[PDB]
Amino acid sequence: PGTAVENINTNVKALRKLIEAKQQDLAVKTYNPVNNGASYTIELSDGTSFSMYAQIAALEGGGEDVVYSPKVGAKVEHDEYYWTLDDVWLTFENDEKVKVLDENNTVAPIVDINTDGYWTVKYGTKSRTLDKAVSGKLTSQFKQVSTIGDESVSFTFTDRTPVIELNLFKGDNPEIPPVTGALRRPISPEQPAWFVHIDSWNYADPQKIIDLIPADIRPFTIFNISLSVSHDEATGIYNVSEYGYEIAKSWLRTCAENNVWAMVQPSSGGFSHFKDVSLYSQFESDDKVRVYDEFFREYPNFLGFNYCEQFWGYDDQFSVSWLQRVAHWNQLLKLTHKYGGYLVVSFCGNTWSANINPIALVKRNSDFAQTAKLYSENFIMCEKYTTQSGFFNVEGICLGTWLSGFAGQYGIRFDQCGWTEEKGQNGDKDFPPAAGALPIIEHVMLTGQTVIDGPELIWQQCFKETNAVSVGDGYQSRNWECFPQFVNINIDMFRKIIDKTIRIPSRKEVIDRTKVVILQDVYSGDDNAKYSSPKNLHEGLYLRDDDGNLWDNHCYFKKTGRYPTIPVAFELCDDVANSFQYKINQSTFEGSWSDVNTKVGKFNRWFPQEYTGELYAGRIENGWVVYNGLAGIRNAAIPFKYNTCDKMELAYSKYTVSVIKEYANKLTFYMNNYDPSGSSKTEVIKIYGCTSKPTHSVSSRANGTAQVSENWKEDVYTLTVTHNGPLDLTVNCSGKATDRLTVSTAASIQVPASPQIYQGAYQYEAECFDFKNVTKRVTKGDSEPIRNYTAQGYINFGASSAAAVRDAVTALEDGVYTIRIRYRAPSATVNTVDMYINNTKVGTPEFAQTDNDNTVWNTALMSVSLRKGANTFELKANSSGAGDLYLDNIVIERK
Ligand SMILES: O[C@@H]1[C@@H](O)[C@H](O[C@@H]2[C@@H](O)[C@H](O[C@@H]3CO[C@@H](O[C@@H]4CO[C@@H](O)[C@H](O)[C@H]4O)[C@H](O)[C@H]3O)OC[C@H]2O)OC[C@H]1O
Ligand SMILES: OC[C@@H]1O[C@@H](O)[C@H](O)[C@H]1O
Ligand SMILES: [Ca+2]
């Protein structure tokens, strides 16, 4: 959006305002570069906010060269600023100069193109025609804003307009010391984490996504503030998340206010809202990258940055090389470590991205490798299921990153998108949500994942905005709901972690179960040879008969669980890593292990057979993950290792997953197969070798249905389980065996502590206010003409006598607060809107007429008493407005 001419005039009006701010000694309160400094937002101390453009939109019509455009600058003579045109005095008729500040006029010279295609400049009733305007790229009259010492802020221009220096606002409240040192929010088997997205694509009200997470889950949740990298190809400008900084800031404040942990996700490919660094020093001394230190310093609940699907979109005009991104991570991990945060990376692969996978990450970047090793506690590596192939290759490597000591936690970011295009799997073209439970439960339980991220797509599998709903007193409000699969698969699965059914193994427990690791020591050949796992590594182990090797591996369901996920690492960094029983150098792999039959033989000696059948069954201690990844009813015969009976025989429907806990005289089964459309599945369970009549009991979970029939005949107990969705089934069954293992003491789950209380300003977006009788609600601002808003939109409150907005705000304590209302009133002052706090009128804000420009906002202040806890904010028209009133947000702050 936004034309050349609008950009040009925006800068003219900015110049006037800067010169007025100079003379009135206004300070710059804040400034922020956007789209890599293509533009900046400026806030002054009087509440005026506006944009300046270092880059100008091309003049329509598709010229490719740099062409002329009028440069309206300003120069001082005899103590006063006068306007320039292309570095000569701007004159009209008189040859008389025109003063920037005249107090008569409030209108700056306006640049335009007339009907004959000539540039024009107008001031008052006076007009001058300049050169023909030809289509092409233009240059700005404005260069950059930057900070000098830490006293001052300098605006620089491209045309001999002198530097304009303004004071930087020395703030009046005392500094809140940040959380530093220890991890802010420890993650472990005892304290798993779910990264739940507050997503730009849901156009979220952060408060409403937060409140969709039930109370028992919230303390284990880390809210992932997700900025989309959707952008215009030609200019680089972000659309969906036009203002990343502003989105992240607003949603992080809401998180902080809610006392919930949060991260920001500024990057999907190479693409990022925030500039990459090369030197640690930049975090404090470079005004282009303030965001990194700011979020850590100001929000004790902030944990850090999430760089997702780091496999694509490098070396674009508007992104960095992958090498640059790693050098960024090298410094950011240091910053992260200081503040006790996490840097999260996720990876999904293809054949072209071998040289940027988690092996290459450390094997090609020795400096990063060193930092990673030193600060591993602060670094989290996640397998992502977004691509079409290589699932086992990428699983093994992401696991290897953790087990080898380069990453301190291992996670999964599951995604519907990894369902094979066209044909799907098992004859199912469309992705069935039930499929998604299988890798998550398997990799958590058997490979020690402490982080679950998503699942994706957030806006299809997790949350959706509905139409507005009534909320009382004539107001409506935006509404979000959970997708049924989120409740019936993801929330319920996490509860099964919390309730100790699904015990997560520690790194050391995983290493001892896994036994074997491949070390990627190959420096000859192509990128796959040097960074990917051996082609045929999974063949004849857990690769399905209908699926192929490496980049022909299109299915993430394992054929058997006899063999652990096979980790692949670069190097083993610490003594724990070096305790692996079997170390295979990949350079020897083609020699010995590439012959499938030879490998299966040696693996079959290391890993004994503990069941038979076509189901996936894998065992850790007294716990089994058993699932059906194939079409049709599939079966397993599993001798008991802890239960005193003999064996269980299982017959499971397609996509039925189960976690089975063995006890001496008891079995539990967590079972799920959730279909949103309500189909019923049949499973069968047979226990052999009972020495008395068993009993059972069952409870459906979430929105699930179940019915269980039992049968005792000969010495065989059969349970037939009809269900949709999740259930817990208990079987009380004992036999004679004395040669059984002993169940461990109950595992530890520790509800993670809350963050430190946030002492800062709270923010509330108008586009999230409850409303009635407003002109327009802009929930997606990028397509509309107003710039320089916060979060993803704003509203046009409009001029109706019946117009009103409401919101629920909070206060830590009773006392006096400033409410800053960020508004626009572009055609006349508005004095017909009253503010209510807790259903009592507290005053009439002075919505003073603002400049016409598309970039200009201002702020009206009000002091009120709030009480501790929940308060009601309202703005209500009492009569027709003299003009339209736009609202962006309110900011509430202790006075
Ligand atoms: O709306 C936005 C989405 O369009 C955007 O989607 C990305 C998607 O574009 C990305 O696709 C990757 C692109 O890279 C390919 O690899 C290339 C293949 O050709 C080679 O010659 C080249 O060297 C190589 O890099 C991958 O095949 C392909 O999967 O996947 C991720 C997805 O998020 O994302 C942002 C949205 O806002
Ligand atoms: O627009 C970027 C998308 O949002 C992120 O959360 C996803 O992983 C990426 O695919
Ligand atoms: Ca807003």
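Computation of the quantities below employed the complete heavy-atom set of this structure, encompassing side-chain atoms and omitting hydrogens, waters and symmetry-equivalent molecules. Residue indices begin at 1 and follow the sequence shown. Just follow the structure's listing: the first ligand is 1, and inside any ligand the first atom is 1.
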Report the name of the N/O/S atom of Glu765 located nearest to the Ca ion (ligand 3).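 In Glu765, the N, O or S atom with the shortest distance to the Ca ion (ligand 3) is OE1.
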
Counting each atom of ligand 1 from 1 as listed, which ones have a heavy atom of [X] under 4.0 Å away?
| X | value |
| --- | --- |
| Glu309 | 31 (C), 32 (C), 33 (O) |
| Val229 | 35 (C) |
| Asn350 | 16 (O), 26 (C), 27 (O) |
| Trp201 | 37 (O) |

Does [atom] have any protein heavy atom closer than 4.0 Å?
| atom | answer |
| --- | --- |
| atom 25 (O) of ligand 1 | no |
| atom 34 (O) of ligand 1 | yes |
| atom 37 (O) of ligand 1 | yes |
| atom 11 (O) of ligand 1 | no |
| atom 22 (C) of ligand 1 | no |
| atom 3 (C) of ligand 1 | no |

For atom 6 (O) of ligand 2, which candidate among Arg413, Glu309, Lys384 provides the closest heavy atom? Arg413

Sub-4.5 Å side-chain heavy-atom contact between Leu252 and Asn301: yes

Within reach of ligand 1, part of [X] (heavy-atom separation under 4.0 Å):
| X | result |
| --- | --- |
| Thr386 | neither |
| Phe311 | side chain |
| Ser230 | both |
| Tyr238 | neither |

Do the two ring centres, one from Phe486 and one from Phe463, sit under 6.0 Å apart?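 Distance test on ring centres: under 6.0 Å, yes.
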
Taking 3.0 Å as the cut-off, does an N/O/S atom of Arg822 lie below it from the Ca ion (ligand 3)?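 It does not: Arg822 brings no N, O or S atom closer than 3.0 Å to the Ca ion (ligand 3).
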
If you stand at the Ca ion (ligand 3) and look out to O of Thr790 and O of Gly793, what angle do those two lines make, to 10°? 80°

Contacts of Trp857 that satisfy ring-ring contact (aromatic ring centres under 6.0 Å, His included) - sequence neighbours left out: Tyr794

